[PDB]
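Visitor: So the sequences go chain by chain: Q, P, L, B, H and A.
Residue numbers 242 to 270, 273 to 296, 300 to 452, in the entry's author numbering, belong to the letters of the first sequence in order.
Residue numbers 242 to 270, 277 to 295, 299 to 452, in the entry's author numbering, belong to the letters of the second sequence in order.
Residue numbering for the third sequence follows the entry's author numbering, starting at 2 and increasing by one per position.
Residue numbering for the fourth sequence follows the entry's author numbering, starting at 2 and increasing by one per position.
Residue numbering for the fifth sequence follows the entry's author numbering, starting at 2 and increasing by one per position.
Residue numbering for the sixth sequence follows the entry's author numbering, starting at 2 and increasing by one per position.
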Amino acid sequence: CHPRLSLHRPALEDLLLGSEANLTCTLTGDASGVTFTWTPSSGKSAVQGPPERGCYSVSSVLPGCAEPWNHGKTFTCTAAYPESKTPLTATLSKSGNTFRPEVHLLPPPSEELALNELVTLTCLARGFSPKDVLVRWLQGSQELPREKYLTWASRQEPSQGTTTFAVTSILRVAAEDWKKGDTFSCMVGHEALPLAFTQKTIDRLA
Amino acid sequence: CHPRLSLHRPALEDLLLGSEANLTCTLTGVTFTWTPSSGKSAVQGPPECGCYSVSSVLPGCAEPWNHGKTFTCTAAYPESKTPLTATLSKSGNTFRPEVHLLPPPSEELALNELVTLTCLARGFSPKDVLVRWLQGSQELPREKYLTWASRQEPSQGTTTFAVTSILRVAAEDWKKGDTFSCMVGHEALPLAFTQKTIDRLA
Amino acid sequence: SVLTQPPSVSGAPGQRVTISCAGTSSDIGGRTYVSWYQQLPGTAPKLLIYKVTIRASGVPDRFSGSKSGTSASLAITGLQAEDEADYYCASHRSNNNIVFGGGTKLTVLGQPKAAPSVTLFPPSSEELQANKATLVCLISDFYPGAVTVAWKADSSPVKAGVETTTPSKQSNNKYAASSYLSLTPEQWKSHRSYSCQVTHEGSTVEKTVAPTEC
Amino acid sequence: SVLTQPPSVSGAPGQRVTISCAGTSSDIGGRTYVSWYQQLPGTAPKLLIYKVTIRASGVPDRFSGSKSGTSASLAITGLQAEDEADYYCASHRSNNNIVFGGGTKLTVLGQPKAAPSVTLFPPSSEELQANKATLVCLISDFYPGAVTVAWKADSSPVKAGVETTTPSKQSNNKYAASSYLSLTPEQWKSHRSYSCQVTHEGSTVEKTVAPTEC
Amino acid sequence: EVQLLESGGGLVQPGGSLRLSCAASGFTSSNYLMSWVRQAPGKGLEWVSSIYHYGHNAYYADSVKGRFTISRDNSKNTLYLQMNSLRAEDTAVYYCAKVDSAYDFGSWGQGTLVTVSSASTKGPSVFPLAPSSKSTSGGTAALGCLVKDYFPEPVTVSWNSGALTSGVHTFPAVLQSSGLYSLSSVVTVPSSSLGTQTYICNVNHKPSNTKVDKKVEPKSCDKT
Amino acid sequence: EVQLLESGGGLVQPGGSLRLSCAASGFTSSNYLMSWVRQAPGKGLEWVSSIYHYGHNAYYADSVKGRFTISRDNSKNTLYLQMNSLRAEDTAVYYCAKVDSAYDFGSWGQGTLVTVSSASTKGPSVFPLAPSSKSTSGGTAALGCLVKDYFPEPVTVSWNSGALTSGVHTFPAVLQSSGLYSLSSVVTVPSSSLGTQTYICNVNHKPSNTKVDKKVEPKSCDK
Ligand SMILES: [Mg+2]
Ligand SMILES: [Mg+2]
Ligand SMILES: [Mg+2]
């Protein structure tokens with residue numbers, strides 16, 4: 242089909258921690276006699292990979311893009327491929343019109359509490375302009391592993407005005423633990439937060 | 242590309258209303280034949299990755315689907331010599347959804363702008379679920395609320411799914427004491443839908 | 002239970018009138034799901050007001066609704082004869098019940114007196130051939146809604162076989178009633194005439210039918 | 002504020018002893034985030050108990066924790082001289098603080114008298130070459146933790162230029178103390194001997210140094 | 002336009018059962034809160050049952066709990082009220098109603114009268130009430146129908162299948178000493194038109210499934 | 002194994018500022034609730050600051066609010082406490098601690114002593130405390146290092162770069178009338194091995210950047 246090219250942004254995890262972040266480029270839609280070029284960082288070991296699959303695609307990565315990305319500088323990734331004479335162009339920078347997530351941790355409903363088996367904590371992150379968000383959970387000061395909670399994908403909210411996104415996450419915990427007075431937190435990671443993460447902590451006492 | 246065939250369920254929307262429902266048969270990659284069709288007139292369309303795709307529907311098969319009868323759709327196509335086969339029936343080991351309508355957080359009420367109502371359907375065995383909202387006795391349009399995709403939840407035991415939905419309303423309407431309802435449509439519900447209704451007075 | 006409305010309210014033409022609806026914390030109190038209906042005689046109720054204040058399609062702004070705590074009021078200004086009707090308030094209760102008020106009859110004062118139109122029908126050939134006989138006295142377009150019906154055979158009063166309806170409200174605010182004299186064919190034939198006399202506010206309207214005349 | 006602990010508890014060997022920790026409804030009351038720390042002298046604190054009841058790894062079952070309303074208590078059975086330490090409770094508080102107790106010094110009674118080991122060093126050649134002179138009297142492995150130090154020049158007592166430490170707890174439950182006598186080189190040289198005398202529970206240990214010996 | 006047609010009303014013995022239907026059109030009855038509202042003759046409106054949007058989530062007045070059942074067949078787009086263990090105090094007009102945005106009955110049907118009684122169903126005798134022979138050039142003539150000895154209520158009367166309405170007056174029924182009802186329907190028309198114009202009254206007594214048409218001609222003694 | 006090394010401690014004048022660092026090893030300090038906890042000499046434990054997982058969401062004791070700032074740097078895996086407008090009451094050993102599951106300090110560093118004082122920093126003079134003359138019997142001999150006239154606390158003494166620990170006793174420092182500390186470290190060793198074995202004390206006074214190695218030989222009158 243019609244050959245297409247797009248750039249993929251760096252990992253929100255890597256950027257929010259403040260460590261080195263990989264910036265990736267891929268070729269969708273022929274043998275890999277391919278040579279990539281990058282604009283903003285000159286002679287910085289732009290690494291390639293094998294041709295992963300239907301029709302093949304060659305992946306190109308570029309390390310240490312964090313400071314320029316967060317500065318807002320624009321990354322161009324021109325890729326030469328044998329099938330054509332002249333190459334394709336793809337542009338990607340850090341998003342504008344940023345909004346901070348509003349984070350709400352909602353207590354378990356009366357219905358579940360009464361049944362006194364498992365009760366459900368609902369984390370709602372809402373009103374944030376770049377779709378990309380991290381959601382993590384604490385019980386006490388212990389971080390729960392990913393496998394112990396369910397997080398939905400960030401989806402666009404209704405508005406005629408500004409384009410915001412919302413995400414939900416659901417942690418199921420023993421009625422016992424909730425009734426002992428244990429704390430439960432959801433931590434929301436986002437580019438627009440001045441302290442990288444926002445934390446909301448709920449207990450039965452409030 | 243590899244020749245592959247798959248069946249799709251009937252529209253939950255159609256089945257829960259108690260009306261006629263289309264079972265669809267597609268070759269993602277011609278004439279089809281169906282096992283449970285007893286004079287059911289199958290209908291085809293124009294064939295359109300965009301790499302070799304054809305579709306054929308079978309109407310008025312709501313009764314046998316809900317009975318748990320198995321559907322077979324075999325496709326004779328000119329590329330290969332022998333046909334392909336795909337099996338689909340209504341799912342077993344069903345669990346009814348647990349529905350919860352959670353009130354707006356204290357944070358939003360104080361700001362006296364829009365406030366957020368959160369509907370959680372949880373613990374249901376087939377992924378397929380409808381979520382709809384009332385304000386008062388008025389059903390709100392689809393585009394006035396955000397519903398997430400139905401996702402498998404964690405357990406060592408049984409496979410259950412959860413879905414969330416979020417309706418923004420004026421703090422005014424909430425403080426007038428208006429009712430807000432989330433209605434969850436699901437196959438395992440003996441009354442087709444489950445309704446939960448909330449206001450400032452609870 | 003039932004929301005408490007006044008069983009009756011009265012008003013002069015062109016005046017402002019109000020109909021109260023006393024409810025509770027579970028219904029009218031801390032909610033806005035109060036509606037008002039108009040019921041004309043022999044017709045289904047019609048929504049006037051919903052959401053306390055909001056006026057249904059076609060309903061003139063003469064009609065207005067309000068709420069204060071656990072009671073609502075329908076208010077009618079420029080009061081007119083054609084506003085004579087039964088008015089019901091309703092509210093959503095916490096049960097997921099819809100609770101109606103007891104209803105209020107709205108009367109409009111100083112409407113002019115109208116004399117009854119009287120039509121007397123003798124027994125049909127068809128009825129006489131079935132060995133029955135009914136005189137039908139039809140009384141319409143009278144105000145106020147009170148009449149006495151006296152029947153006569155020749156000059157002699159008859160009371161036996163008389164069935165008279167209580168007057169009932171017409172579409173035009175005046176009243177209708179009917180009276181029936183059951184006779185045998187033999188009784189019908191063997192008197193010179195029968196009369197239906199309708200007295201309305203001290204004025205009698207007499208209609209007469211004979212078996213012999215046409 | 003500070004969670005309220007007794008400044009000290011004491012016990013006989015093999016005894017069960019308890020240390021109480023009185024908090025508020027914002028910390029120990031309603032939650033289970035109460036921790037216990039052992040601090041031996043010199044060393045950093047070590048977690049014994051967390052989550053009210055749970056021993057840290059290595060901690061023997063002799064140590065146990067409990068909660069009742071707004072106060073928690075550590076409990077030690079089979080009390081040993083090894084257990085002599087400061088004990089701090091801590092708790093999470095509603096304001097996202099971690100609040101410590103005042104701390105409790107635990108004493109084990111009936112430990113035997115141990116006589117001080119006294120080592121006396123004369124001024125080094127290196128110090129004398131810098132026009133300075135210090136006699137170092139090192140006192141260790143005594144119990145209980147009380148000594149008096151008297152200094153002598155020949156048979157004459159000396160009080161000037163004496164700096165003695167308060168006795169401090171060693172890792173083995175006995176006590177250490179040092180005493181320093183500042184002299185000038187000229188003072189050191191022009192005396193037949195200097196003595197450090199350590200009196201412990203009415204028994205004196207004397208060490209003597211002379212400028213004209215090894 | 003939104004339209005609601007109630008049917009099934011009639012006589013039913015005390016303790017008996019009866020199913021009312023409500024044919025909806027110009028809207029989908031599934032997509033709304035739908036209710037039954039009843040009104041005993043002379044007395045007030047009483048909400049009976051509701052069924053919420055799409056599903057079978059129903060609510061009932063405590064006067065009716067355990068006895069009545071609200072249902073909704075989406076393929077016919079009709080609402081139902083199943084009524085069991087019926088009593089004298091269930092005698093009423095039963096309306097179905099579409100609820101709009103605010104628990105407000107925005108659309109009503111014409112109603113169906115359920116009569117709970119030990120008495121027997123009797124169909125009416127229809128007789129023509131013939132117009133006067135009076136010439137009266139330019140004047141009007143009264144003619145009608147006599148709907149005699151029926152039970153229970155109601156009887157409806159149209160003229161020329163609802164084509165004739167100006168001058169039509171159908172009177173409330175008399176309850177006679179026998180326990181049977183009689184009514185009359187009269188129409189005022191021009192005297193000059195009596196020999197030429199055909200006047201047919203169309204009597205429906207649904208409880209007895211009696212549909213009678215009666216032509217009302219002038220008298221055999223009459224010359225135009 | 003989890004390890005925390007505090008550094009930055011020393012003398013600071015009242016109103017002055019100091020920065021403490023805390024290097025984490027065998028765990029990622031970002032993935033946990035990390036805290037500073039302080040203890041004034043002779044007195045009790047006081048929680049100072051917490052920084053929650055991943056983000057820069059910090060909490061502070063009211064005794065420290067508007068002055069101290071807890072920082073984290075994930076590239077170095079180190080925790081910081083920026084301390085401003087310092088007072089006599091802030092004199093303490095500052096511990097960094099890793100919180101486990103239940104707001105419990107599971108792993109502690111060795112601690113760093115901040116001294117808030119108008120006084121001046123003075124480096125120690127190290128002198129050998131030579132062993133006794135009798136260097137041939139079944140019995141032992143005491144030798145040591147005198148660490149003389151330093152300020153502020155603390156001084157650490159090791160023998161043979163930590164290799165020698167058996168019979169080592171470093172005495173708590175005397176505070177003298179001059180306001181300067183002195184301490185002594187003594188080691189008991191076999192008498193027979195006095196001429197053969199090398200004994201070197203390694204004196205560190207971090208506040209004055211004074212590191213001294215002093216070899217402790219037998220006396221010139223010894224045979
Ligand atoms: Mg079936
Ligand atoms: Mg007579
Ligand atoms: Mg002297």
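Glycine residues also receive a C-beta, built at the ideal position from the N, C-alpha and C atoms.
Measuring CB to CB, does B/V18 end up less than 8 Å from A/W48?
Guide: For B/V18 and A/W48, no; Cβs fall outside 8 Å.
Visitor: Using DSSP with H/G/I as helix, E/B as strand and the rest coil, what is H/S36?
Guide: The answer is strand: DSSP assigns H/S36 an E or B state.
Visitor: If you reduce the DSSP assignment to three classes, tell me which class P/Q445 lands in.
Guide: Looking at P/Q445 - three-state DSSP - the assignment turns out to be strand.
Visitor: Rounded to whole angstroms, how far is the Cβ of P/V349 from the Cβ of P/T444, which I believe are closer than 8 Å?
Guide: That belief holds up - the Cβ atoms of P/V349 and P/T444 are roughly 5 Å apart, short of 8 Å.
Visitor: Answer yes or no: does any C-beta atom of chain L fall closer than 8 Å to that of P/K446?
Guide: Not one chain L Cβ lies under 8 Å of P/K446.
Visitor: Taking the alpha carbon of L/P145 as the reference point, which residue from L/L110, L/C138 and L/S157 has its own alpha carbon closest?
Guide: Of L/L110, L/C138 and L/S157, the residue nearest in Cα terms is L/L110.
Visitor: For B/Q81, verify whether its CB is less than 7 Å away from any heavy atom of ligand 5.
Guide: Of the ligands this structure carries, namely ligand 1, ligand 2 and ligand 3, none is ligand 5.
Visitor: Counting only Cβ-Cβ distances shorter than 9 Å, please list the residues of the segment 92-122 of chain H near chain P, keeping chain order.
Guide: Under the 9 Å Cβ criterion, the segment 92-122 of chain H contributes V100, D101, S102, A103, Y104 and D105.
Visitor: Determine, using beta carbons only, whether P/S341 and P/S375 come nearer to each other than 8 Å.
Guide: Cβ atoms of P/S341 and P/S375: closer than 8 Å.
Visitor: If you draw a straight line from the alpha carbon of L/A115 to that of L/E202, how long is it in whole angstroms?
Guide: One C-alpha to the other measures close to 10 Å.
Visitor: Measure from the alpha carbon of Q/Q402 to the alpha carbon of each residue in Q/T320, Q/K377 and Q/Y395, then state which is nearest.
Guide: Taking only the C-alpha atoms, the option nearest Q/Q402 is Q/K377.
Visitor: Note down, in chain order, each residue of its chain lying with its Cβ closer than 8 Å to the Cβ of L/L182, except the 5 sequence neighbours on either side.
Guide: Correct list, in chain order: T135, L136, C138, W152, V159, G162, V163, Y195 and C197.
Visitor: Would the beta-carbon of H/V100 fall within 8 Å of that of H/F106?
Guide: Cβ distance < 8 Å, so H/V100 and H/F106 count as in contact.
Visitor: Closer than 8 Å by C-beta to residue 1 of chain A: which residues in its own chain qualify, once you throw out the five before and the five after it? Chain order, please.
Guide: Not covered by the structure: residue 1 of chain A. The range shown for chain A is 2 to 224.
Visitor: Could you tell me whether the Cβ of B/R32 comes closer than 8 Å to any Cβ of chain Q?
Guide: It does: the Cβ of B/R32 has a partner Cβ on chain Q nearer than 8 Å.
Visitor: What residues from chain B crowd round Q/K426, counting only those whose CB sits closer than 7 Å?
Guide: Those within 7 Å of Q/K426 in chain B are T33.
Visitor: Who are the neighbours of H/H54 on chain P, taking C-beta pairs under 9 Å?
Guide: Chain P residues near H/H54: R382, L384, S387, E389, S431, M433, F443 and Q445.
Visitor: Anyone know if the C-beta pair for B/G104 and B/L4 falls short of 8 Å?
Guide: Cβ atoms of B/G104 and B/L4: not closer than 8 Å.
Visitor: Along chain Q, which residues have their Cβ under 9 Å away from the Cβ of A/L12?
Guide: Within 9 Å Cβ-Cβ: nothing; A/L12 doesn't reach chain Q, min ~32 Å.
Visitor: Considering only residues of the same chain and omitting the five flanking positions on each side of H/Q14, which have a CB-CB separation below 7 Å?
Guide: Excluding residues within five positions, the ones whose Cβ falls inside 7 Å are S119.
Visitor: From L/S180 to H/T171, what does the alpha carbon distance come to, in whole angstroms?
Guide: So the two alpha carbons sit approximately 14 Å from each other.
Visitor: Under 7 Å between beta-carbons, which chain H residues line up against L/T120? List them in chain order, please.
Guide: What L/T120 touches in chain H: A143 and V187.
Visitor: Could you pull out every residue in the same chain whose Cβ sits closer than 8 Å to the Cβ of L/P124, ignoring the five residues on either side in sequence?
Guide: Same-chain partners within the cutoff: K133, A134, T135, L136, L184, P186 and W189.
Visitor: Taking 8 Å as the CB-CB cut-off, is A/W160 touching chain B?
Guide: Chain B, which has no Cβ nearer than 8 Å to the Cβ of A/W160, makes this no.
Visitor: Check each candidate in B/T33, B/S156 and B/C215 and name the one with the smallest Cα separation from Q/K426.
Guide: Of the candidates B/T33, B/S156 and B/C215, the one whose C-alpha sits nearest the C-alpha of Q/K426 is B/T33.
Visitor: Is B/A151 near ligand 3, with its Cβ less than 7 Å from a heavy atom?
Guide: Not under cutoff, so the answer is no.
Visitor: Can you list, in chain order, the stretches of the beta strand (DSSP E) that have 3 or more residues and sit fully within the segment 128-169 of chain L?
Guide: Counting only runs of 3 or more, we get 134-143, 149-154, 157-159 and 163-165.
Visitor: Would you call the segment 73-93 of chain A and the segment 18-29 of chain A touching, i.e. three or more CB-CB distances under 8 Å?
Guide: Output reads yes: the segment 18-29 of chain A touches the segment 73-93 of chain A.
Visitor: Interface residues of chain B around Q/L451 at Cβ under 7 Å?
Guide: Within chain B, the residues near Q/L451 are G31.
Visitor: Determine the chain L residues that contact H/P173 at a beta-carbon separation under 9 Å, and present them in chain order.
Guide: Here the neighbours are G43, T166, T167, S169, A177, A178 and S179.
Visitor: Shorter than 7 Å, the distance from the beta carbon of L/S157 to the closest heavy atom of ligand 2, or not?
Guide: Answer for L/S157: yes, Cβ within range of ligand 2.
Visitor: Below 8 Å between beta carbons: does that hold for H/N75 and P/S260?
Guide: Contact: yes.
Visitor: Considering only heavy atoms of ligand 3, does any lie closer than 7 Å to the CB of B/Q188?
Guide: Within the cutoff, so yes.
Visitor: Shorter than 7 Å, the distance from the beta carbon of L/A154 to the closest heavy atom of ligand 2, or not?
Guide: Yes, the Cβ of L/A154 comes within 7 Å of a heavy atom of ligand 2.
Visitor: Mapping the DSSP letters down to three states, classify H/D91 as helix, strand or coil.
Guide: Three-state DSSP puts H/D91 in a helix.
Visitor: Can you pull the chain Q residues whose beta carbon is under 7 Å from the beta carbon of P/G300, in chain order?
Guide: Ordered by position in chain Q, the residues that pass the 7 Å Cβ test against P/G300 are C242.
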